[PDB]
Amino acid sequence: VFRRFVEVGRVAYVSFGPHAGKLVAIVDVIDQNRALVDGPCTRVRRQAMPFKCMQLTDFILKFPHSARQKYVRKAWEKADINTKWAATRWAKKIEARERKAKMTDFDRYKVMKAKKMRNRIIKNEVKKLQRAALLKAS
Amino acid sequence: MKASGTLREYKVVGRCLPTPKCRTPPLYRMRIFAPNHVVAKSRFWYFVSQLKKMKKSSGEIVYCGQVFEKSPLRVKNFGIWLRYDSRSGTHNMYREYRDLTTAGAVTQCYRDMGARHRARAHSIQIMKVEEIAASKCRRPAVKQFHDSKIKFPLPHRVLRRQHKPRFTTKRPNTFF
Amino acid sequence: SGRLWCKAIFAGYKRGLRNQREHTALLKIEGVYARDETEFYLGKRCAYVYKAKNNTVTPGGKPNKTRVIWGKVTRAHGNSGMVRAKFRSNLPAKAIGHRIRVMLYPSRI
Amino acid sequence: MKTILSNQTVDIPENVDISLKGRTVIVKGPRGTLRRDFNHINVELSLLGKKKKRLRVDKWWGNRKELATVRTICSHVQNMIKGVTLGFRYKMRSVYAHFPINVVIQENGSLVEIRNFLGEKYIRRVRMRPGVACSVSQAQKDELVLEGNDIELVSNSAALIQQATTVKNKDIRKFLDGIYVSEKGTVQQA
Amino acid sequence: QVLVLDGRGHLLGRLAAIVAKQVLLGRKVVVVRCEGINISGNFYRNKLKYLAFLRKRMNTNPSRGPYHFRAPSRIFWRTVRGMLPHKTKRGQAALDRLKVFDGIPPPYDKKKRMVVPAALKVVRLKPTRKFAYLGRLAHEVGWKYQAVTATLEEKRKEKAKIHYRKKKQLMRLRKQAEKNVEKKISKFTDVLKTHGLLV
RNA sequence: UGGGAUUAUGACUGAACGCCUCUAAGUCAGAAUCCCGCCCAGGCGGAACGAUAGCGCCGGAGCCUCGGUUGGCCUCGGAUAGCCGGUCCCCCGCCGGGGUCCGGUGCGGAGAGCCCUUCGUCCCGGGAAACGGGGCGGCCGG
RNA sequence: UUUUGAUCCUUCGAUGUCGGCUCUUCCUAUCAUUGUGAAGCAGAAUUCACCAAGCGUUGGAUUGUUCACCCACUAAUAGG
RNA sequence: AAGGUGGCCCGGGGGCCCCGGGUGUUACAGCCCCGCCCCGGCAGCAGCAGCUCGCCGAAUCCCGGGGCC
Ligand SMILES: [Mg+2]
Ligand SMILES: [Mg+2]
Ligand SMILES: [Mg+2]
Ligand SMILES: [Mg+2]
Ligand SMILES: [Mg+2]
Ligand SMILES: [Mg+2]
Ligand SMILES: [Mg+2]
Ligand SMILES: [Mg+2]
Ligand SMILES: [Mg+2]
Ligand SMILES: [Mg+2]
């Protein structure tokens, strides 16, 4: 039950390769397994790129199938995609992933202490709730 | 000739050297697809040898240059004419591929001829390469792509980085 | 007051099909599967432990039964996180499929 | 080659009320219900439109082998509609030369005893499939009538009785005996 | 310290290689639910392959001859022998590390058990291709205990449902608690979101 | 002395090839053949049970011998051309399931994960706890 | 490769050389039996072909004979 | 000129708006080619918009790390 379709104008997130972590629009189709791609505002050159590597989102900035890079830059700024991106939850769990790699040892210790406490509180409240449901039953 | 990596296109010209009979022989140009100027010069000599009274020793090569793609970001539909040797017999072809560059296309031809006919690279001679317009394109695999509102999904998505866990709990999904 | 060493397994010696050159040894370290990754461990002091019947000395303490063979991680091996290592005395083949304690303290930082 | 796309629509009438859990289809109407599993086939079954007027069935990136599975579905669904609304009356006449075939029905048209075939003492206790109603017609001497919704089960049970009454070791070109299908039709016409 | 591999929807050789290499590196593997195993290629030819292996017997005194194990467990074990040097001692101690069960007995029913995706049917075969269950194969070729393992699994399945329900029940109470108290555990969650621990 | 799955073969529905068509996906009947049962032996394979000779249990000291290890994760079931968690005003079952409807979905109700943490001791204050920690008899599950 | 021939690599300080008797297993290129297709197949009788080698394939006169020919029963008196 | 954007006509989906089909040449979307405006003019340049395509260093040098003796 397909929801996202490869349509000229659709935005894709680059999984791996040289241009990792970058957003980019599908300009055109060559064949079954190879497409013309360009992302002017994110510092990615006009180039070929196979569908294998990419994984498409639910945004479709509108432009003609052969439109030269000018009209794309204007349409991109016009829609203001980058901000809606940063609003998406996706990017947030990406930044979390990265902060977790960046995790310092001192922060790691402060975090362990925070966990320890937050979980003792939860344990207390949950046990009172279970006795409460028994009280409700009784 | 092994077609390693991806070909270039080279503009070779050459001639027979002067003689007392004829002081200024005519120049001859070709369009060699080849990885480098060394194998280019060799193949040039083979074709000239097939057509004209001319060897490498009796002559000299005047100029070998690389020739760039003058329109590399436009997409094109190339039309190739062939000449191949079967196990038994020889046969002419006309084949249409859909690529951006002459070199990328010629590569794709080599790989297709290899798949579909087990034709080894040495047997094959390239005789004409013409960029051809969508109107004049005959083959339906090409013809189907000329449509403004092309649309298709990615249905079954085989996983890559299979071994990076090698051992998980959750069975992997492939539907998004 | 905890584990101060990374785990490695003695997979086997350096060898062709019908000849093994046992002066060198192959390690398979836990949780490391690329040549990018193995650049950290370079230079590190490995240490094969074992225990024997009779009582031996122990530096800074009374005599224990435990003994050791010290070694050293020479260079990477292969493309999938295996690693060569050369120990001061040649290893016994009994140890195939056992634990060695790569320490940390020739740091390359 | 890999054909980018095929599809084919079936515009259904308003009487029927289909629904689907993915591939498994369910169809209800007057005569009854009909479920049918397609999990082996691998296609997109979109049920679009108000008044449920049409079914559409996509098939992305198919080769010659995979294109054949579209129209086969279209037809299986259409026959399913016939089976729910109208039904299926399979007529079949008992041909014989000399010895008359004494036929009799057991279990309200579920089972069929067939005696005196070529004067054989063996008797053929043929069992119909579930959801099938055998019946001897009136106003006809040699006439079975098999009624039901599912054409598959009906027709298989027909062939069961047909191949059951088969002449072994004999010239079949001459000995033209046995039951044979004559007229396939429906219970109520349209 | 025990790798517990589920067998369903796995491919016989794709798996067995991965096992053998771990075993040889000391890791204590335990395979389970082998009826789930499914091999590529249609049924009939897989049956031809097996009945050929049965025809191959020692003529003078069959009791000595090659032992044709019918049980799916012992079959998988056999093919592992094939990927091992079973004449040596180190190979025997390997096989001693291995431990196989058909179905799923009590000691292992209480364990979260791992799954190899790199030997999985959905991945490696094209959807159009045909496949065959090892349990069905064995049953037609002699296995005498098909129904029993089924009716024991069903009791396990129901007895599993109840635990899973009580776990969900705990998650509901837990989210509701976190919701009530949040005001006096806001700062801690704040640092967990600074270091990307809670988003 | 009795079964099963099937071969050769005859057949159903049904496209590819607007029709046709045993096949392409799918389905049916089918036999001295094939496998098993009935029958013969019973594994460096297990079983419940009985009897228990100076002895079996029950609760300190040194002192021989074999070595390896150097934190735990206590569980739905299954699908992948679709799933998970919610709710149901509506329909069944002994509270379980079902449909409508709301949230997630390159999985974050994440195994790229979750949990436990050990330097020790002394005073005092501040927050959380007070229905909790730890020390004896009964009640549930296999 | 069950005939026959062509060859000489192995063994001449020795591989016991023809036939019959007895006995096991094995191959299938199916003589008969089981199931089925086709016939210039009405039935009977008889021919050709597919799956199939699990179970059967005789008693005697003459000849050292293997081979050959003949009498008698048979469902059949197939071949290695 | 067209792999046809707005406009026009037919449908199909809603009661002015959305989706298919048909002519057609810029109109509130574009593409293609020739000529003339100091190779039209501006940085930058085999481009850290850390991989659109190469061959090289008398036209090239520096720093660091490991191993063995
Ligand atoms: Mg050897
Ligand atoms: Mg010790
Ligand atoms: Mg049967
Ligand atoms: Mg068959
Ligand atoms: Mg059947
Ligand atoms: Mg000789
Ligand atoms: Mg001798
Ligand atoms: Mg002798
Ligand atoms: Mg045969
Ligand atoms: Mg006859």
# chains A, B, ... in the order shown; residues from 1 in each chain; ligands from 1

$ select_by_dssp --residues "region 1-102 of chain E" --states "strand (DSSP E)" --output "PyMOL selection string"
chain E and resi 2-6+28-32+38-40

$ write_last_selection --atoms "N, CA and C atoms" --output "PDB file, in the first residue's frame"
ATOM      1  N   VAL E   2      25.139 -17.934  26.191  1.00  0.00           N
ATOM      2  CA  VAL E   2      24.597 -19.002  25.363  1.00  0.00           C
ATOM      3  C   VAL E   2      23.781 -18.408  24.228  1.00  0.00           C
ATOM      4  N   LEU E   3      24.321 -18.459  23.024  1.00  0.00           N
ATOM      5  CA  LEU E   3      23.580 -18.075  21.826  1.00  0.00           C
ATOM      6  C   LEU E   3      22.396 -18.994  21.552  1.00  0.00           C
ATOM      7  N   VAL E   4      21.177 -18.491  21.715  1.00  0.00           N
ATOM      8  CA  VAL E   4      19.945 -19.230  21.453  1.00  0.00           C
ATOM      9  C   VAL E   4      19.290 -18.856  20.135  1.00  0.00           C
ATOM     10  N   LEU E   5      19.554 -19.623  19.090  1.00  0.00           N
ATOM     11  CA  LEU E   5      19.013 -19.307  17.776  1.00  0.00           C
ATOM     12  C   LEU E   5      17.695 -19.998  17.466  1.00  0.00           C
ATOM     13  N   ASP E   6      16.735 -19.197  17.037  1.00  0.00           N
ATOM     14  CA  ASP E   6      15.482 -19.669  16.494  1.00  0.00           C
ATOM     15  C   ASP E   6      15.689 -20.166  15.081  1.00  0.00           C
ATOM     16  N   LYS E  28      28.975 -20.897  23.001  1.00  0.00           N
ATOM     17  CA  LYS E  28      28.042 -21.980  23.338  1.00  0.00           C
ATOM     18  C   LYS E  28      26.680 -21.783  22.674  1.00  0.00           C
ATOM     19  N   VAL E  29      26.557 -22.280  21.463  1.00  0.00           N
ATOM     20  CA  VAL E  29      25.325 -22.173  20.691  1.00  0.00           C
ATOM     21  C   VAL E  29      24.295 -23.237  21.038  1.00  0.00           C
ATOM     22  N   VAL E  30      23.024 -22.847  20.926  1.00  0.00           N
ATOM     23  CA  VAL E  30      21.845 -23.682  21.110  1.00  0.00           C
ATOM     24  C   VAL E  30      20.709 -23.377  20.132  1.00  0.00           C
ATOM     25  N   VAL E  31      20.594 -24.161  19.076  1.00  0.00           N
ATOM     26  CA  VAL E  31      19.510 -24.055  18.099  1.00  0.00           C
ATOM     27  C   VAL E  31      18.203 -24.684  18.551  1.00  0.00           C
ATOM     28  N   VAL E  32      17.095 -24.094  18.099  1.00  0.00           N
ATOM     29  CA  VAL E  32      15.771 -24.523  18.529  1.00  0.00           C
ATOM     30  C   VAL E  32      14.687 -24.188  17.503  1.00  0.00           C
ATOM     31  N   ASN E  38      13.471 -23.942   6.498  1.00  0.00           N
ATOM     32  CA  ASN E  38      12.945 -24.143   5.167  1.00  0.00           C
ATOM     33  C   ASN E  38      14.038 -23.932   4.145  1.00  0.00           C
ATOM     34  N   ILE E  39      14.127 -24.866   3.256  1.00  0.00           N
ATOM     35  CA  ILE E  39      15.167 -24.987   2.258  1.00  0.00           C
ATOM     36  C   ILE E  39      14.658 -24.556   0.907  1.00  0.00           C
ATOM     37  N   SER E  40      15.545 -23.977   0.129  1.00  0.00           N
ATOM     38  CA  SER E  40      15.192 -23.586  -1.215  1.00  0.00           C
ATOM     39  C   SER E  40      14.988 -24.789  -2.122  1.00  0.00           C
TER      40      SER E  40
END

$ residues_near_ligand --ligand "ligand 8" --cutoff "12 Å" --atoms "only C-alpha atoms (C1' of nucleotides) and all ligand atoms" --output "list in words"
residues 14, 15 and 16 of chain G

$ write_last_selection --atoms "C-alpha atoms (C1' of nucleotides)" --output "PDB file, in the first residue's frame"
ATOM      1  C1'   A G  14      54.749 -69.333 -10.627  1.00  0.00           C
ATOM      2  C1'   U G  15      47.844 -64.964  -9.686  1.00  0.00           C
ATOM      3  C1'   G G  16      46.123 -72.833 -10.378  1.00  0.00           C
TER       4        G G  16
END

$ atom_distance --atom1 "CA of residue 126 (chain D)" --atom2 "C1' of residue 14 (chain F)"
26.5 Å

$ residues_near_ligand --ligand "ligand 6" --cutoff "12 Å" --atoms "only C-alpha atoms (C1' of nucleotides) and all ligand atoms" --output "MDAnalysis selection string"
chainID G and resid 7:11

$ residues_around --residues "region 141-158 of chain B" --least-positions-apart "3" --cutoff "7 Å" --atoms "only C-alpha atoms (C1' of nucleotides)" --output "PyMOL selection string"
(chain A and resi 5-7) or (chain B and resi 98+137+174) or (chain E and resi 123) or (chain F and resi 81) or (chain H and resi 3)

$ residues_around --residues "residue 175 (chain D)" --least-positions-apart "4" --cutoff "12 Å" --atoms "only C-alpha atoms (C1' of nucleotides)" --output "list in words"
residues 95, 96, 97, 98, 99, 118, 166, 167, 168, 169, 170 and 171 of chain D; 42 and 43 of chain G

$ write_last_selection --atoms "N, CA and C atoms (P, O5', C5', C4', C3', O3' and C1' of nucleotides)" --output "PDB file, in the first residue's frame"
ATOM      1  N   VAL D  95     -26.028 -40.567 -20.955  1.00  0.00           N
ATOM      2  CA  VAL D  95     -26.146 -41.273 -22.221  1.00  0.00           C
ATOM      3  C   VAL D  95     -25.923 -42.755 -22.043  1.00  0.00           C
ATOM      4  N   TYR D  96     -26.749 -43.530 -22.733  1.00  0.00           N
ATOM      5  CA  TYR D  96     -26.583 -44.965 -22.721  1.00  0.00           C
ATOM      6  C   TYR D  96     -27.199 -45.572 -23.961  1.00  0.00           C
ATOM      7  N   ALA D  97     -26.714 -46.762 -24.298  1.00  0.00           N
ATOM      8  CA  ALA D  97     -27.199 -47.474 -25.460  1.00  0.00           C
ATOM      9  C   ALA D  97     -28.276 -48.474 -25.079  1.00  0.00           C
ATOM     10  N   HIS D  98     -27.901 -49.492 -24.310  1.00  0.00           N
ATOM     11  CA  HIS D  98     -28.792 -50.602 -24.033  1.00  0.00           C
ATOM     12  C   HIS D  98     -29.142 -50.676 -22.554  1.00  0.00           C
ATOM     13  N   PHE D  99     -28.151 -50.885 -21.706  1.00  0.00           N
ATOM     14  CA  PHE D  99     -28.399 -50.971 -20.282  1.00  0.00           C
ATOM     15  C   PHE D  99     -28.694 -49.601 -19.701  1.00  0.00           C
ATOM     16  N   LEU D 118     -23.152 -50.594 -17.267  1.00  0.00           N
ATOM     17  CA  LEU D 118     -22.705 -51.710 -18.069  1.00  0.00           C
ATOM     18  C   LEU D 118     -23.016 -53.043 -17.406  1.00  0.00           C
ATOM     19  N   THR D 166     -16.143 -44.557 -16.205  1.00  0.00           N
ATOM     20  CA  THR D 166     -15.235 -44.674 -17.334  1.00  0.00           C
ATOM     21  C   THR D 166     -15.004 -46.132 -17.706  1.00  0.00           C
ATOM     22  N   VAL D 167     -14.964 -46.378 -19.009  1.00  0.00           N
ATOM     23  CA  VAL D 167     -14.928 -47.715 -19.591  1.00  0.00           C
ATOM     24  C   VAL D 167     -13.483 -48.157 -19.774  1.00  0.00           C
ATOM     25  N   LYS D 168     -13.091 -49.200 -19.059  1.00  0.00           N
ATOM     26  CA  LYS D 168     -11.719 -49.678 -19.057  1.00  0.00           C
ATOM     27  C   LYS D 168     -11.580 -50.795 -20.093  1.00  0.00           C
ATOM     28  N   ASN D 169     -10.438 -50.850 -20.781  1.00  0.00           N
ATOM     29  CA  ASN D 169     -10.121 -51.939 -21.730  1.00  0.00           C
ATOM     30  C   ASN D 169     -11.080 -52.018 -22.897  1.00  0.00           C
ATOM     31  N   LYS D 170     -11.638 -50.916 -23.353  1.00  0.00           N
ATOM     32  CA  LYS D 170     -12.646 -51.044 -24.374  1.00  0.00           C
ATOM     33  C   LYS D 170     -12.468 -49.944 -25.400  1.00  0.00           C
ATOM     34  N   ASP D 171     -13.070 -50.137 -26.561  1.00  0.00           N
ATOM     35  CA  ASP D 171     -13.020 -49.118 -27.596  1.00  0.00           C
ATOM     36  C   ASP D 171     -14.052 -48.041 -27.299  1.00  0.00           C
TER      37      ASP D 171
ATOM     38  P     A G  42     -11.961 -53.416 -35.212  1.00  0.00           P
ATOM     39  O5'   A G  42     -13.355 -53.420 -34.439  1.00  0.00           O
ATOM     40  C5'   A G  42     -13.613 -52.416 -33.476  1.00  0.00           C
ATOM     41  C4'   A G  42     -14.777 -52.723 -32.567  1.00  0.00           C
ATOM     42  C3'   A G  42     -14.525 -53.788 -31.516  1.00  0.00           C
ATOM     43  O3'   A G  42     -13.964 -53.235 -30.344  1.00  0.00           O
ATOM     44  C1'   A G  42     -16.512 -54.296 -32.668  1.00  0.00           C
ATOM     45  P     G G  43     -13.128 -54.164 -29.345  1.00  0.00           P
ATOM     46  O5'   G G  43     -14.087 -55.384 -29.018  1.00  0.00           O
ATOM     47  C5'   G G  43     -14.908 -55.357 -27.863  1.00  0.00           C
ATOM     48  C4'   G G  43     -15.420 -56.732 -27.561  1.00  0.00           C
ATOM     49  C3'   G G  43     -14.319 -57.697 -27.208  1.00  0.00           C
ATOM     50  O3'   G G  43     -13.923 -57.619 -25.866  1.00  0.00           O
ATOM     51  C1'   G G  43     -15.756 -58.688 -28.781  1.00  0.00           C
TER      52        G G  43
END

$ residues_around --residues "region 28-38 of chain C" --least-positions-apart "2" --cutoff "12 Å" --atoms "only C-alpha atoms (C1' of nucleotides)" --output "PyMOL selection string"
(chain B and resi 163-166) or (chain C and resi 5-13+25-26+40-44+46+73-85+96-102) or (chain E and resi 21-22+24-27)

$ write_last_selection --atoms "C-alpha atoms" --output "PDB file, in the first residue's frame"
ATOM      1  CA  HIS B 163      26.148  -8.645   8.854  1.00  0.00           C
ATOM      2  CA  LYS B 164      26.542  -5.511  10.905  1.00  0.00           C
ATOM      3  CA  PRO B 165      24.451  -6.955  13.667  1.00  0.00           C
ATOM      4  CA  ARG B 166      24.456 -10.555  12.469  1.00  0.00           C
TER       5      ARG B 166
ATOM      6  CA  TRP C   5      41.419  -5.335  29.450  1.00  0.00           C
ATOM      7  CA  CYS C   6      39.839  -6.184  26.174  1.00  0.00           C
ATOM      8  CA  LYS C   7      38.996  -9.728  25.277  1.00  0.00           C
ATOM      9  CA  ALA C   8      40.530 -11.626  22.420  1.00  0.00           C
ATOM     10  CA  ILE C   9      40.370 -15.178  21.147  1.00  0.00           C
ATOM     11  CA  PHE C  10      43.269 -17.193  19.761  1.00  0.00           C
ATOM     12  CA  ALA C  11      41.823 -18.295  16.484  1.00  0.00           C
ATOM     13  CA  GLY C  12      44.886 -19.860  14.945  1.00  0.00           C
ATOM     14  CA  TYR C  13      48.324 -19.395  13.528  1.00  0.00           C
ATOM     15  CA  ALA C  25      49.515 -15.837  15.980  1.00  0.00           C
ATOM     16  CA  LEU C  26      46.023 -14.687  14.957  1.00  0.00           C
ATOM     17  CA  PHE C  40      43.454   1.845  17.873  1.00  0.00           C
ATOM     18  CA  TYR C  41      44.819  -1.442  19.236  1.00  0.00           C
ATOM     19  CA  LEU C  42      48.214  -1.087  17.532  1.00  0.00           C
ATOM     20  CA  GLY C  43      51.188  -1.466  19.827  1.00  0.00           C
ATOM     21  CA  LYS C  44      49.289  -3.009  22.694  1.00  0.00           C
ATOM     22  CA  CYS C  46      48.786  -8.851  25.133  1.00  0.00           C
ATOM     23  CA  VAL C  73      49.960  -6.897  18.840  1.00  0.00           C
ATOM     24  CA  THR C  74      52.041  -6.498  15.718  1.00  0.00           C
ATOM     25  CA  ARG C  75      49.827  -5.155  12.954  1.00  0.00           C
ATOM     26  CA  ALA C  76      46.439  -5.642  11.394  1.00  0.00           C
ATOM     27  CA  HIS C  77      45.540  -8.791   9.497  1.00  0.00           C
ATOM     28  CA  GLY C  78      42.974  -8.884   6.788  1.00  0.00           C
ATOM     29  CA  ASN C  79      40.029  -6.722   6.024  1.00  0.00           C
ATOM     30  CA  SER C  80      37.537  -7.982   8.628  1.00  0.00           C
ATOM     31  CA  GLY C  81      39.069  -7.114  11.983  1.00  0.00           C
ATOM     32  CA  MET C  82      41.353 -10.049  12.502  1.00  0.00           C
ATOM     33  CA  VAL C  83      44.757  -9.105  13.853  1.00  0.00           C
ATOM     34  CA  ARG C  84      48.295 -10.472  13.868  1.00  0.00           C
ATOM     35  CA  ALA C  85      50.237 -10.711  17.067  1.00  0.00           C
ATOM     36  CA  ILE C  96      43.062 -22.703  20.489  1.00  0.00           C
ATOM     37  CA  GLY C  97      39.776 -21.082  21.290  1.00  0.00           C
ATOM     38  CA  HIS C  98      40.691 -19.289  24.484  1.00  0.00           C
ATOM     39  CA  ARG C  99      40.942 -15.953  26.183  1.00  0.00           C
ATOM     40  CA  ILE C 100      43.805 -13.475  26.041  1.00  0.00           C
ATOM     41  CA  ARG C 101      43.915 -10.202  27.940  1.00  0.00           C
ATOM     42  CA  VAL C 102      44.999  -7.312  25.734  1.00  0.00           C
TER      43      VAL C 102
ATOM     44  CA  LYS E  21      32.524 -20.692  13.081  1.00  0.00           C
ATOM     45  CA  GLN E  22      31.219 -19.483  16.416  1.00  0.00           C
ATOM     46  CA  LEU E  24      34.985 -23.216  16.860  1.00  0.00           C
ATOM     47  CA  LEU E  25      35.542 -19.922  18.605  1.00  0.00           C
ATOM     48  CA  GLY E  26      34.134 -21.282  21.868  1.00  0.00           C
ATOM     49  CA  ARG E  27      30.708 -19.683  21.812  1.00  0.00           C
TER      50      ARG E  27
END

$ residues_near_ligand --ligand "ligand 9" --cutoff "9 Å" --atoms "only C-alpha atoms (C1' of nucleotides) and all ligand atoms" --output "PyMOL selection string"
chain G and resi 28-30+51-52
